[PDB]
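Novice: Begin with these chain(s), straight out of the complex:
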Amino acid sequence: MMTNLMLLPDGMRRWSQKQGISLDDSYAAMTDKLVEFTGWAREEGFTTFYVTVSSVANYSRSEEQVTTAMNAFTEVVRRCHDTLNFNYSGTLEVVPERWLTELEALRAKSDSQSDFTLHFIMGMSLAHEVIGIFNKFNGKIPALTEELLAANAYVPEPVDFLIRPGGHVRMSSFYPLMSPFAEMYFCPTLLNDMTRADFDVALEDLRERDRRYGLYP
């Protein structure tokens, strides 16, 4: 009876406007909050904490905004990587190589023996994900199987719980390919305003639901 958790960070610009601070300061608050959230997820017994770092669309922002966001996410790993297992995946060719180099070094220095994993997905987009898998195996296998697809999806297992703060009730580019029965929870609170109580109430909601997987009781 092991569970994992996925978070869709949202609301950093609106939080900067709400607090009257720079976007840099809002992303610094995001780094702090994501370290908190990672600790909460571990305390609650989740085996992997997935964070959807970015969509492919995000990389059409300016280089300055891309560098600000990517540095803020990477700093989370800089701070916590020593005590957990870190991994990452996604449409890596759209991520500026500097962050891939640093995140690879952080993955190498993480505790691969840890029972808790922090997992970043970058450049999420189902179209890009599917095209990447196709192009990888095109003409090299007789047929695609469920095992191969599952072993090459960005998210390497089905996701149990998914939380999206920030007030948007939509999945954007972030729906996990191999999670047909993931439970979704949306809340209006901006990520940088989320408290441990907000997380706990989300968990009450998510854990109370009857999961039927398309079948009757």
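Specialist: Perfect, I can see it now. Residues are numbered from 1 along each chain as shown, chains lettered A, B, ... in the order given.
Novice: Can you name the residues that contact the residue positioned nearest the centre of chain A?
Specialist: In chain A, the residue lying closest to the centroid (Cα atoms, centre = their mean) is residue A:51, at 1.9 Å. Contact analysis of residue A:51 by Cβ atoms under 8 Å, 6 or more residues apart in numbering lists A:6, A:7, A:9, A:34, A:73, A:76, A:118, A:119, A:120, A:121. (C-beta placed from N, C-alpha, C; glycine too.)
Novice: Secondary structure of it: a strand, I assume?
Specialist: Yes - counting by DSSP: H, G, I helix; E, B strand; the rest coil, residue A:51 is located in a strand.
Novice: So what sits opposite it in the bridge?
Specialist: In this entry, residue A:51 is beta-bridged to residue A:7, residue A:120, by DSSP bridges.
Novice: Quick check: it vs residue A:131, distance?
Specialist: 23 Å (Cβ to Cβ, to the nearest Å).
Novice: Verify the stated contact: residue A:172 with residue A:55.
Specialist: Yes - using Cβ atoms under 8 Å, residue A:172 is in contact with residue A:55, at 6.3 Å.
Novice: The residue lying farthest from the centre of chain A and residue A:14: what is the separation?
Specialist: Largest separation from the mean C-alpha position in chain A: residue A:142, at 32.5 Å (Cα atoms, centre = their mean). Counting by Cβ to Cβ, the separation of residue A:142 from residue A:14 is 50 Å.
Novice: Now do stretch A:172-182: distance from first to last residue.
Specialist: Distance between the two ends of stretch A:172-182: 15 Å, counting by Cα to Cα, to the nearest Å.
Novice: tell me how far that stretch is from the chain's mean position?
Specialist: Its chain's average C-alpha position is 11 Å from that of stretch A:172-182, according to Cα atoms, centre = their mean, to the nearest Å.
Novice: Return the residues in contact with residue A:179.
Specialist: Contacts for residue A:179 (Cβ under 8 Å, 6+ apart) come out as A:155, A:158, A:159, A:162.
Novice: quick revisit: any idea which of the contacts of residue A:51 has the most stuff around it?
Specialist: Counting neighbours by other Cβ atoms under 10 Å, residue A:118 comes out on top of the contacts of residue A:51 with 27 neighbours.
Novice: Surely it forms part of a strand?
Specialist: Yes - counting by three-state DSSP, residue A:118 falls inside a strand.
Novice: Outside of the strand or helix carrying residue A:149 itself, list whatever touches it.
Specialist: Here residue A:149, judged by DSSP states H and E, is contained in helix A:146-152. Residues from elsewhere that reach helix A:146-152 (Cβ under 8 Å, 6+ apart): A:133, A:136, A:137, A:141, A:156, A:157, A:177, A:178.
Novice: Could you turn the buried ones of those into a PyMOL selection?
Specialist: Restricted to buried positions by 16 or more other Cβ atoms under 10 Å, the PyMOL selection for the contacts of helix A:146-152 reads:
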select buried, chain A and resi 133+156+157+177+178
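Novice: Here is chain B, add it in:
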Amino acid sequence: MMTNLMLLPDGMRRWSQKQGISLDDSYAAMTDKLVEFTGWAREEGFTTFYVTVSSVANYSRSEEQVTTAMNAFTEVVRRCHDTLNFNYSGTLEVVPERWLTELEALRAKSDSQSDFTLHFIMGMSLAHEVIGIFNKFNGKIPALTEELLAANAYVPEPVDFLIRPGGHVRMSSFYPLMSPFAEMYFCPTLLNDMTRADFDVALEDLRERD
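Specialist: Alright, chain B goes in next:
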């Protein structure tokens, strides 16, 4: 100019328990409600109304429950096929042959000149969808393009709005692959209890975002 709506019907068993009626009677109420819903969607100017008939997982329900559901959904098309354009897609190899034959005949008899389309998706499952597309194009093209993928996905265009009644906030194998910018709306009302007002306020919510 396209504007579409996807509905995930849910809550028929619970409604049968709420009303103290058989599952068959609850699914008959579902047929009536889905004909209503199709009319509402048409009145609201949607060009295609997508209805998720079944997941691959649903076809591991009992044969009786499968037959009850599939007959109720097909009865929707039996009633509406003459006045709209009907189409369907999905993992067709998991749908029992009886329903595929009848639905194919109804697709053939539907009004292809209509400016409104009712589109059933059956056997929804992202894994099965992707495997089917791969196996179709494997070794036959230099690379998969966004255009080819879009042209072979179960849902043939991006979905604007998605509505799931019945109180569960999950996609249950029904997520539309090529709709990264779809807006979602969930409500606790069981499908068979949804009024036109419930639909209207759902549309206010969806239309107010963008």
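Novice: The contacts of helix A:146-152 again please, this time with chain B.
Specialist: Identification of contacts with helix A:146-152 by Cβ atoms under 8 Å, 6 or more residues apart in numbering or on different chains yields A:133, A:136, A:137, A:141, A:156, A:157, A:177, A:178, B:127, B:130, B:131.
Novice: next one: stretch A:22-30
Specialist: The contact list for stretch A:22-30, computed with Cβ under 8 Å, 6+ apart, reads A:9, A:12-13, A:15-16, A:19, A:65, A:68-69, A:71-72, A:191-192.
Novice: Contact partners for residue A:202?
Specialist: Neighbour list for residue A:202: A:163, A:185, A:187 [criterion: Cβ under 8 Å, 6+ apart].
Novice: Chain A: helices as residue ranges?
Specialist: Secondary structure of chain A (DSSP state H): helices at A:12-19, A:23-43, A:63-80, A:97-109, A:126-137, A:146-152, A:196-208.
Novice: What sits closest to the closest residue to chain B within chain A if chain neighbours are left out?
Specialist: Among all residues of chain A, residue A:214 sits closest to chain B, at 2.9 Å; criterion: Cβ to the nearest Cβ. The shortest distance from residue A:214 to any non-neighbouring residue, by Cβ to Cβ, 6 or more residues apart in numbering or on different chains, is to residue B:57 (2.9 Å).
Novice: Count residues in the vicinity of residue A:213, would you?
Specialist: 12 (other Cβ atoms under 10 Å in any protein chain shown).
Novice: Show me which pair in the contacts of stretch A:22-30 is furthest apart.
Specialist: Across the contacts of stretch A:22-30, the longest distance by Cβ to Cβ is 19.5 Å; it joins A:19 and A:71.
Novice: ok, the two, which is more surrounded?
Specialist: Per other Cβ under 10 Å, whichever of residue A:19 and residue A:71 has more neighbours is residue A:71, with 17 against 14.
Novice: thinking residue A:177 is in contact with residue A:156, fair?
Specialist: No - counting by Cβ under 8 Å, residue A:177 stays clear of residue A:156, with 10.5 Å between them.
Novice: How about the contacts made by residue A:52?
Specialist: Counting by Cβ under 8 Å, 6+ apart, the residues that residue A:52 touches are A:6, A:7, A:8, A:9, A:121, A:124, A:174.
Novice: The fifth one contacts residue A:91, doesn't it?
Specialist: Yep, that's residue A:121 we're talking about. No - the criterion here is Cβ under 8 Å, and residue A:121 misses it with residue A:91 at 9.1 Å.
Novice: Find residues that contact each of those two.
Specialist: Here residue A:121 and residue A:91 share the contacting residues residue A:154, scored by Cβ under 8 Å, 6+ apart.
Novice: Now the two most distant members of the contacts of helix A:146-152.
Specialist: Among the contacts of helix A:146-152, the pair separated by the greatest distance (Cβ to Cβ) is A:141 and A:157, at 21.9 Å.
Novice: Around residue A:101, how many other residues sit close by?
Specialist: Residue A:101 has 10 neighbours, counted by other Cβ under 10 Å.
Novice: Likewise for the one 5 residues further on?
Specialist: Residues contacting residue A:106 under the criterion other Cβ under 10 Å number 20.
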